[PDB]
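A.B. asks: Submitted below is the structure of interest, expressed as structure tokens.
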Amino acid sequence: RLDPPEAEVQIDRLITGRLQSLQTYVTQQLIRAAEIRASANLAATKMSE
Amino acid sequence: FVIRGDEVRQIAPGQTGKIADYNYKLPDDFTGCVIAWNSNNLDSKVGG
């Protein structure tokens, strides 16, 4: 729909959006990973004790 | 080279134009300067 010299601008905006979403998703993810891992250690101790 | 003054703007990087389309095109990321001036007196013969 657009010639090269302006198409990257539209592409560039999309890159920012999708990349930002990944950070939000990934950043959100490992926080839960820490929580569950913290929960896992609690479970492991309960199993042991 | 010599070109009609109207197509002077065509040579702009990333800008289309008959000259740009198939004659000669700068890269979109050209670095440098475009220097031109009227050559009517020097390059306009009464006979063409």
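A note on labels: chains of the structure tokens are A, B, ... as shown, every chain counts residues from 1, and ligands are counted from 1 in their shown order.
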Could you tell me which residues of chain B sit within 12 Å of chain A when counting only C-alpha atoms, and give me the result as a ChimeraX atom specification?
C.D. replies: /B:12-16,21,26-29
A.B. asks: Okay, now the selection with C-alpha atoms, as a PDB file, in the first residue's frame?
C.D. replies:
ATOM      1  CA  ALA B  12      15.615  14.295  -3.774  1.00  0.00           C
ATOM      2  CA  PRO B  13      16.487  11.048  -1.949  1.00  0.00           C
ATOM      3  CA  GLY B  14      13.520   8.800  -1.283  1.00  0.00           C
ATOM      4  CA  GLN B  15      11.342  10.877  -3.633  1.00  0.00           C
ATOM      5  CA  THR B  16       9.896   9.418  -6.826  1.00  0.00           C
ATOM      6  CA  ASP B  21      11.775   6.174 -11.562  1.00  0.00           C
ATOM      7  CA  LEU B  26      19.811   8.319  -5.134  1.00  0.00           C
ATOM      8  CA  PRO B  27      19.709   5.823  -2.260  1.00  0.00           C
ATOM      9  CA  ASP B  28      17.046   6.582   0.323  1.00  0.00           C
ATOM     10  CA  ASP B  29      19.818   7.228   2.878  1.00  0.00           C
TER      11      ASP B  29
END
A.B. asks: I want to know what sits within 10 Å of residue 37 of chain B, based on only C-alpha atoms, with residues of the same chain fewer than 6 positions away left out; could you give that as a PyMOL selection string?
C.D. replies: chain B and resi 2+5+8
A.B. asks: Produce a file of the selected residues containing C-alpha atoms, as a short mmCIF file (atom, residue, chain, number, x, y, z; two decimals), in the first residue's frame.
C.D. replies:
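Saved the output as part-v3.cif:
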data_model
loop_
_atom_site.label_atom_id
_atom_site.label_comp_id
_atom_site.auth_asym_id
_atom_site.auth_seq_id
_atom_site.Cartn_x
_atom_site.Cartn_y
_atom_site.Cartn_z
CA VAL B 2 21.76 19.06 -16.94
CA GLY B 5 14.44 22.97 -13.47
CA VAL B 8 15.12 19.41 -9.83
#
A.B. asks: Any idea what the distance is between atom CA of residue 15 of chain A and atom CA of residue 28 of chain A?
C.D. replies: 19.4 Å
